[PDB]
């Protein structure tokens, strides 16, 4: 197998994002050192088998750091990633991948962020992994335009418009770090489709919503589904999910951690009235728990 590791430095905190193709994961260990020498690294954490991200806030600046992540299987096999520090050619803006998995090997891409009224990567029943979207060249992020798409270990240094848009059947977010400065992270426009969030997808900075079933799209309708099983918001966010109840949307949220979380701060699942473009405006009903459209108990959300 293989483990590909990437690092994002935001607000004096080091965020690690990795993808692994190991099958029966038992645990994952994070190693950190003050030099390049792997032999001098030390275990600063032993994590569970599902997370694909890690936050190291116990670092002092002025000092460079090297990181490695060791993915261990049930058969105790150890798949150590490449080193990342604070010190393929197919992944370029405007690219379209179809019916395959493209490993971007941790490269950075971007164009620019327009000022008016443009997808960076379009996936048609495909998967993209180990990709970093630059701070200025975000455009309209990643578009899943058909079939099942997986966006694995993608780091958004900043979000220009939308981080990822589900215009397909199923959009799965596995791990990844999404940063934004003052917004829509996951935009869902297709109908009879699902958006899955796991691998502890992490949002940092300032955000609007983690996920929003389009409220006023042209030819709007539903149903649209969201299933969050693992995610973390280490910053401020207006709300987590926005469902159109009149359209049959269902948001199921568990395994979510939020920095300084408190009832209504921020609201998690909110119900709206969806409208067709031009035929009115979208009104917010409010935050809801354990309803037909908002399937999330207070047990599924906790303070980071």
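Numbering follows the first chain given and starts at 1.
Novice: Comparing 189 to 197 with 108 to 116, which has the greater mean CA B-factor as deposited?
Specialist: Per the PDB entry, the higher value belongs to 108 to 116.
Novice: Can you tell me which stretch has the higher mean Cα B-factor, 14 to 22 or 280 to 288?
Specialist: Between 280 to 288 and 14 to 22, it is 280 to 288.
Novice: Which one of 53, 64, 239, 244 shows the biggest C-alpha B-factor in the PDB entry?
Specialist: Going by the entry's C-alpha B-factors, 64 comes out highest.
Novice: Could you say which of 228, 173, 217, 71 has its CA atom at the highest B factor, as listed in the PDB entry?
Specialist: Result of the comparison over 228, 173, 217, 71: 217.
Novice: Among the modelled residues of its chain, does the C-alpha B-factor of residue 262 lie in the lowest, middle or highest third?
Specialist: Highest third of the chain for residue 262's C-alpha B-factor.
Novice: Relative to the other modelled residues of the same chain, rank the CA B-factor of residue 223 and answer lowest, middle or highest third.
Specialist: Its C-alpha B-factor, which the entry lists for residue 223, ranks in the middle third among residues of this chain.
Novice: Which third of the chain holds residue 299 when residues are ordered by C-alpha B factor: lowest, middle or highest?
Specialist: Its C-alpha B-factor belongs to the highest third of this chain's values.
Novice: Sorting the chain's modelled residues by C-alpha B-factor, tell me whether residue 58 ends up in the lowest, middle or highest third.
Specialist: According to the entry, residue 58 has a C-alpha B-factor in the chain's highest third.
Novice: Relative to the other modelled residues in the chain, which third contains the C-alpha temperature factor of residue 147: lowest, middle or highest?
Specialist: Tercile = middle for this residue's CA B-factor.
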